[PDB]
Amino acid sequence: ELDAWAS
Amino acid sequence: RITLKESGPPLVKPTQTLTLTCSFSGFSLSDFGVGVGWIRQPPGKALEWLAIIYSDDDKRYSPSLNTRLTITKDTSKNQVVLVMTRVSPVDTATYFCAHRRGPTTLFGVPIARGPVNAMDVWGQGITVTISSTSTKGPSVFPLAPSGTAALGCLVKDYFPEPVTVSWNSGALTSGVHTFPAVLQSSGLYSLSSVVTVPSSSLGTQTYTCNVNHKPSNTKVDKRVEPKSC
Amino acid sequence: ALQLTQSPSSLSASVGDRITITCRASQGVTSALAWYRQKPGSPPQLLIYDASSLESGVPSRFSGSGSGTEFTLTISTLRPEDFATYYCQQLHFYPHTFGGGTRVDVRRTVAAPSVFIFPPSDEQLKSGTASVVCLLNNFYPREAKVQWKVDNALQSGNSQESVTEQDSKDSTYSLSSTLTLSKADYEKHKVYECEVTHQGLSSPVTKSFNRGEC
């Protein structure tokens with residue numbers, strides 16, 4: 001999945 | 001000033017549970033967006049990511065090791081623990097814990113996520129060896145062959161590390177190469193120490209390897225000479 | 001999962017050179033990439049975070065660039081402490097991932113290894129095991145390949161090897177490979193050969209002996 005701070 | 005330090009048992013046997021503790025200072029795990037992760041490094045190999053835990057208690061694990069890992073934090077003692085179950089020889093490695101920065105904030109407002117892209121401070125690392133073996137002194141055997149000639153000593157089947165090797169009670173240093181030991185499938189280590197010398201001095205100078213394995217109180221001096229008397 | 005490939009895995013350099021190392025991700029990771037330098041016996045040290053930001057307290061000769069799938073770390077003027085192993089790490093997707101590392105060592109002139117083969121001692125043979133060792137002494141660059149052969153059969157899975165750290169005097173490496181067999185198997189064969197391939201040898205050098213031949 002995406003990292004905690006991704007987007 | 002942030003510092004982290006790993007603690008745990010240096011030796012663990014297969015099928016057993018390994019519990020490693022990361023004690024830190026200079027930061028609080030309850031601070032916003034901060035995280036602490038674990039990374040391992042098998043001898044001579046690349047770094048491998050294990051897991052990370054954040055202030056809000058969100059946890060993430062390596063998919064490959066997911067079922068054998070648990071990570072938790074104890075905010076009040078400033079510690080993060082990693083429990084790895086059913087260990088095997090392949091888990092022998094140096095384990096490091098590291099700090100992950102949270103987003104930069106301004107009057108309580110996160111304004112920059114750039115600093116979260118790294119593990120900025122690391123512990124020194126703790127070496128963990130996984131073997132079922134018990135303390136055991138090495139067996140020393142000669143290495144010959146023999147203008148450049150080579151000779152040496154094979155320090156086989158001992159546990160645990162380390163073992164010291166010198167030549168001629170410390171007088172011979174030039175052309176000496178003591179290789180790092182390799183952990184055999186048997187769970188015992190093995191290493192060679194060789195020396196290169198002018199093919200002339202063999203008939204004159206003598207070569208003795210001095211092996212010392214403190215863990216088992218084993219000291220051996222083995223004189224090596226070109227075979228055939 | 002996502003893959004990070006570092007290039008080159010090994011790199012020769014001298015004090016003062018400008019070097020660059022690359023890291024490529026199999027999928028875009030935006031700018032969430034960090035570079036570390038690791039000296040033997042120490043933990044990795046953060047050099048660059050978020051692809052190009054210079055970590056505080058890190059010397060200005062280091063810089064990094066790129067985004068998406070291509071990243072490069074460059075050291076403008078290499079100093080003695082930069083001889084080490086470098087890693088990149090992606091933090092855009094879980095699990096975070098490290099690259100295979102890239103070793104940077106002191107360059108010197110190519111040098112072929114001096115090869116020596118050692119049969120098992122009769123002392124060891126009496127205990128039921130036979131260790132045959134091959135030594136590759138003072139060679140460069142580091143990459144070398146050892147191939148054991150017994151009565152012409154390529155051996156596989158019964159040898160282990162170790163390499164010394166770069167020698168601080170001559171900048172070369174030495175390698176030891178041990179072929180391990182039980183006494184019974186050892187006695188059932190005649191020709192033990194150690195074949196060595198290295199950039200410094202125009203062709204593979206082979207060292208061998210015939211068991212029991214005296």
# chains A, B, ... in the order shown; residues from 1 in each chain; ligands from 1
>>> select_by_dssp(residues="range 135-185 of chain C", states="strand (DSSP E)", output="ChimeraX atom specification")
/C:135-139,145-150,153-154,159-163,173-182
>>> write_last_selection(atoms="N, CA, C and O atoms", output="compact mmCIF listing (two decimals), in the first residue's frame")
# COMPACT_ATOMS: atom_id res chain seq x y z
N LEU C 135 42.70 -20.71 -2.71
CA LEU C 135 43.07 -19.36 -2.32
C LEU C 135 43.32 -18.50 -3.55
O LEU C 135 44.02 -18.93 -4.47
N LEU C 136 42.75 -17.29 -3.56
CA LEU C 136 42.94 -16.31 -4.63
C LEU C 136 43.58 -15.16 -3.87
O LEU C 136 42.90 -14.47 -3.10
N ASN C 137 44.88 -14.95 -4.10
CA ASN C 137 45.62 -13.94 -3.35
C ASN C 137 45.93 -12.63 -4.08
O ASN C 137 46.35 -12.64 -5.25
N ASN C 138 45.72 -11.52 -3.37
CA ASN C 138 45.97 -10.17 -3.88
C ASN C 138 45.55 -9.89 -5.32
O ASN C 138 46.40 -9.74 -6.20
N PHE C 139 44.24 -9.80 -5.56
CA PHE C 139 43.72 -9.51 -6.90
C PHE C 139 42.89 -8.24 -6.87
O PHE C 139 42.57 -7.74 -5.79
N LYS C 145 35.25 -15.25 -9.74
CA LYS C 145 34.35 -16.40 -9.67
C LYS C 145 35.14 -17.68 -9.56
O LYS C 145 36.01 -17.95 -10.38
N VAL C 146 34.81 -18.47 -8.54
CA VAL C 146 35.45 -19.72 -8.28
C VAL C 146 34.53 -20.87 -8.66
O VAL C 146 33.37 -20.89 -8.22
N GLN C 147 35.05 -21.83 -9.42
CA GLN C 147 34.27 -23.00 -9.85
C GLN C 147 34.99 -24.31 -9.47
O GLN C 147 36.08 -24.59 -9.97
N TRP C 148 34.40 -25.10 -8.59
CA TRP C 148 35.04 -26.35 -8.19
C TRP C 148 34.65 -27.46 -9.13
O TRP C 148 33.50 -27.54 -9.57
N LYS C 149 35.62 -28.31 -9.46
CA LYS C 149 35.39 -29.47 -10.32
C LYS C 149 36.08 -30.69 -9.71
O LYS C 149 37.21 -30.60 -9.23
N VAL C 150 35.38 -31.81 -9.74
CA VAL C 150 35.85 -33.08 -9.22
C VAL C 150 35.65 -34.08 -10.36
O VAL C 150 34.54 -34.29 -10.82
N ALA C 153 33.25 -32.97 -12.85
CA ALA C 153 31.86 -32.68 -12.51
C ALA C 153 31.84 -31.32 -11.84
O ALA C 153 32.59 -31.10 -10.89
N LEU C 154 31.00 -30.41 -12.31
CA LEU C 154 30.94 -29.09 -11.68
C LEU C 154 30.27 -29.26 -10.32
O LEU C 154 29.22 -29.89 -10.19
N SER C 159 30.37 -25.63 -1.28
CA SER C 159 31.52 -24.76 -1.07
C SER C 159 31.04 -23.47 -0.41
O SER C 159 29.86 -23.10 -0.51
N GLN C 160 31.95 -22.79 0.27
CA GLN C 160 31.64 -21.53 0.93
C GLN C 160 32.87 -20.68 0.75
O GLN C 160 33.99 -21.20 0.75
N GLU C 161 32.68 -19.38 0.56
CA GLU C 161 33.82 -18.50 0.37
C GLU C 161 33.70 -17.22 1.17
O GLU C 161 32.60 -16.81 1.53
N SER C 162 34.85 -16.61 1.44
CA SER C 162 34.95 -15.36 2.19
C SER C 162 35.96 -14.47 1.49
O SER C 162 36.94 -14.98 0.94
N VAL C 163 35.77 -13.16 1.56
CA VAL C 163 36.68 -12.21 0.93
C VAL C 163 37.16 -11.24 2.02
O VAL C 163 36.39 -10.79 2.88
N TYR C 173 42.41 -7.56 -2.98
CA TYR C 173 41.54 -8.43 -2.20
C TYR C 173 42.07 -9.84 -2.32
O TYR C 173 42.75 -10.17 -3.29
N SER C 174 41.71 -10.67 -1.35
CA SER C 174 42.07 -12.09 -1.30
C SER C 174 40.77 -12.85 -1.00
O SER C 174 39.87 -12.32 -0.31
N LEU C 175 40.66 -14.06 -1.53
CA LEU C 175 39.45 -14.86 -1.38
C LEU C 175 39.78 -16.31 -1.09
O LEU C 175 40.69 -16.90 -1.66
N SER C 176 39.02 -16.88 -0.18
CA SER C 176 39.19 -18.24 0.22
C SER C 176 37.91 -19.01 -0.04
O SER C 176 36.83 -18.59 0.40
N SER C 177 38.02 -20.12 -0.75
CA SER C 177 36.83 -20.94 -0.99
C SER C 177 37.13 -22.35 -0.50
O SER C 177 38.16 -22.91 -0.84
N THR C 178 36.23 -22.90 0.31
CA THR C 178 36.35 -24.24 0.86
C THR C 178 35.29 -25.20 0.29
O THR C 178 34.07 -24.96 0.43
N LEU C 179 35.75 -26.26 -0.37
CA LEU C 179 34.86 -27.29 -0.89
C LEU C 179 34.87 -28.32 0.24
O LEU C 179 35.96 -28.73 0.69
N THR C 180 33.69 -28.71 0.72
CA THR C 180 33.59 -29.66 1.81
C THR C 180 32.89 -30.95 1.40
O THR C 180 31.75 -30.93 0.94
N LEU C 181 33.56 -32.08 1.60
CA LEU C 181 33.01 -33.39 1.26
C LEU C 181 33.24 -34.36 2.41
O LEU C 181 34.12 -34.16 3.24
N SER C 182 32.44 -35.42 2.49
CA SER C 182 32.70 -36.42 3.51
C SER C 182 33.95 -37.22 3.03
O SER C 182 34.33 -37.17 1.85
>>> residues_around(residues="range 55-71 of chain B", least_positions_apart="2", cutoff="9 Å", atoms="only C-alpha atoms", output="PyMOL selection string")
(chain B and resi 28-36+49-53+73+75+80-87) or (chain C and resi 94-96)
>>> interface_residues(of="chain A", to="chain C", cutoff="6 Å", atoms="only C-alpha atoms", output="list in words")
residues 1, 2 and 3 of chain A
>>> write_last_selection(atoms="N, CA, C and O atoms", output="PDB file, in the first residue's frame")
ATOM      1  N   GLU A   1       0.838  -1.235   0.000  1.00  0.00           N
ATOM      2  CA  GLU A   1       0.000   0.000   0.000  1.00  0.00           C
ATOM      3  C   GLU A   1       0.864   1.274   0.000  1.00  0.00           C
ATOM      4  O   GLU A   1       2.097   1.201  -0.110  1.00  0.00           O
ATOM      5  N   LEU A   2       0.219   2.431   0.137  1.00  0.00           N
ATOM      6  CA  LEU A   2       0.915   3.716   0.152  1.00  0.00           C
ATOM      7  C   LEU A   2       1.503   4.040   1.511  1.00  0.00           C
ATOM      8  O   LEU A   2       0.956   3.659   2.535  1.00  0.00           O
ATOM      9  N   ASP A   3       2.628   4.746   1.519  1.00  0.00           N
ATOM     10  CA  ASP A   3       3.263   5.136   2.787  1.00  0.00           C
ATOM     11  C   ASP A   3       2.326   6.067   3.569  1.00  0.00           C
ATOM     12  O   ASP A   3       1.417   6.681   2.994  1.00  0.00           O
TER      13      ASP A   3
END
>>> interface_residues(of="chain B", to="chain A", cutoff="10 Å", atoms="only C-alpha atoms", output="PyMOL selection string")
chain B and resi 33+54+58+60+102-103+113-114+116-117
>>> residues_around(residues="residue 216 in chain B", least_positions_apart="5", cutoff="8 Å", atoms="only C-alpha atoms", output="list in words")
residues 135, 136 and 137 of chain B
>>> closest_atom_pairs(of="chain B", to="chain C", cutoff="8 Å", atoms="only C-alpha atoms", output="CSV")
residue,atom,partner,partner_atom,distance
B:46,CA,C:100,CA,5.4
B:47,CA,C:98,CA,6.3
B:48,CA,C:98,CA,6.5
B:49,CA,C:97,CA,6.2
B:51,CA,C:95,CA,7.9
B:60,CA,C:94,CA,7.5
B:61,CA,C:95,CA,6.8
B:62,CA,C:95,CA,5.5
B:63,CA,C:95,CA,7.1
B:96,CA,C:43,CA,7.6
B:114,CA,C:50,CA,5.6
B:115,CA,C:50,CA,6.7
B:116,CA,C:50,CA,7.6
B:117,CA,C:50,CA,4.8
B:118,CA,C:49,CA,5.3
B:119,CA,C:46,CA,7.1
B:120,CA,C:46,CA,5.5
B:121,CA,C:46,CA,7.3
B:122,CA,C:43,CA,6.6
B:123,CA,C:43,CA,7.0
B:124,CA,C:43,CA,5.6
B:125,CA,C:43,CA,6.6
B:141,CA,C:121,CA,6.5
B:142,CA,C:121,CA,6.4
B:143,CA,C:118,CA,6.0
B:144,CA,C:118,CA,5.9
B:145,CA,C:118,CA,6.1
B:150,CA,C:116,CA,7.1
B:177,CA,C:164,CA,7.4
B:178,CA,C:164,CA,7.5
B:179,CA,C:164,CA,5.6
B:180,CA,C:162,CA,6.0
B:181,CA,C:162,CA,7.1
B:182,CA,C:162,CA,7.0
B:192,CA,C:176,CA,7.4
>>> closest_residue(among="B:194, B:128, B:98, B:39", to="residue 10 in chain B", atoms="only C-alpha atoms")
B:128
>>> select_by_dssp(residues="chain C", states="alpha helix (DSSP H)", output="list in words")
residues 122, 123, 124, 125, 183, 184, 185, 186 and 187 of chain C
>>> decode(residues="range 185-204 of chain C", atoms="N, CA, C and O atoms", output="compact mmCIF listing (two decimals), in the first residue's frame")
# COMPACT_ATOMS: atom_id res chain seq x y z
N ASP C 185 33.06 -39.83 0.07
CA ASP C 185 32.95 -39.17 -1.24
C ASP C 185 34.32 -38.69 -1.73
O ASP C 185 34.65 -38.82 -2.90
N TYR C 186 35.11 -38.13 -0.82
CA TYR C 186 36.42 -37.64 -1.22
C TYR C 186 37.27 -38.74 -1.84
O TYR C 186 37.90 -38.54 -2.88
N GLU C 187 37.26 -39.90 -1.19
CA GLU C 187 38.02 -41.09 -1.60
C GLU C 187 37.51 -41.74 -2.87
O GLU C 187 38.23 -42.48 -3.53
N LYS C 188 36.27 -41.47 -3.22
CA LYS C 188 35.72 -42.06 -4.43
C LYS C 188 35.97 -41.22 -5.68
O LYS C 188 35.38 -41.48 -6.72
N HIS C 189 36.86 -40.25 -5.59
CA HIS C 189 37.14 -39.37 -6.74
C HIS C 189 38.64 -39.16 -6.82
O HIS C 189 39.34 -39.35 -5.83
N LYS C 190 39.13 -38.71 -7.97
CA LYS C 190 40.57 -38.52 -8.14
C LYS C 190 41.09 -37.09 -8.39
O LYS C 190 42.01 -36.65 -7.71
N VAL C 191 40.51 -36.38 -9.36
CA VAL C 191 40.95 -35.02 -9.72
C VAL C 191 40.10 -33.88 -9.10
O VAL C 191 38.95 -33.69 -9.47
N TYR C 192 40.70 -33.12 -8.17
CA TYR C 192 40.06 -31.97 -7.53
C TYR C 192 40.65 -30.71 -8.16
O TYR C 192 41.85 -30.47 -8.09
N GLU C 193 39.79 -29.89 -8.76
CA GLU C 193 40.23 -28.70 -9.46
C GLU C 193 39.47 -27.46 -8.99
O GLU C 193 38.28 -27.51 -8.70
N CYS C 194 40.19 -26.35 -8.94
CA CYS C 194 39.69 -25.04 -8.57
C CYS C 194 39.85 -24.19 -9.82
O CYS C 194 40.98 -23.85 -10.17
N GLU C 195 38.76 -23.83 -10.50
CA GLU C 195 38.85 -22.99 -11.71
C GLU C 195 38.51 -21.55 -11.33
O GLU C 195 37.49 -21.30 -10.68
N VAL C 196 39.35 -20.61 -11.75
CA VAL C 196 39.19 -19.21 -11.39
C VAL C 196 39.06 -18.29 -12.59
O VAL C 196 39.86 -18.33 -13.53
N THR C 197 38.05 -17.44 -12.53
CA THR C 197 37.77 -16.48 -13.59
C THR C 197 37.95 -15.11 -12.98
O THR C 197 37.41 -14.85 -11.88
N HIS C 198 38.68 -14.25 -13.67
CA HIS C 198 38.91 -12.89 -13.17
C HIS C 198 39.35 -12.01 -14.32
O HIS C 198 40.03 -12.45 -15.25
N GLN C 199 38.94 -10.75 -14.25
CA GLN C 199 39.25 -9.77 -15.27
C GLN C 199 40.75 -9.71 -15.56
O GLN C 199 41.15 -9.42 -16.67
N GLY C 200 41.57 -9.98 -14.55
CA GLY C 200 43.01 -9.93 -14.76
C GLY C 200 43.61 -11.14 -15.45
O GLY C 200 44.80 -11.15 -15.74
N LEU C 201 42.81 -12.17 -15.71
CA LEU C 201 43.29 -13.38 -16.37
C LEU C 201 42.65 -13.41 -17.75
O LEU C 201 41.43 -13.33 -17.87
N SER C 202 43.46 -13.52 -18.80
CA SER C 202 42.92 -13.54 -20.16
C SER C 202 41.97 -14.72 -20.35
O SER C 202 41.06 -14.68 -21.17
N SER C 203 42.21 -15.77 -19.57
CA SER C 203 41.40 -16.98 -19.61
C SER C 203 41.44 -17.62 -18.22
O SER C 203 42.36 -17.35 -17.45
N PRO C 204 40.46 -18.48 -17.89
CA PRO C 204 40.40 -19.13 -16.58
C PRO C 204 41.64 -19.93 -16.20
O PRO C 204 42.14 -20.73 -16.98
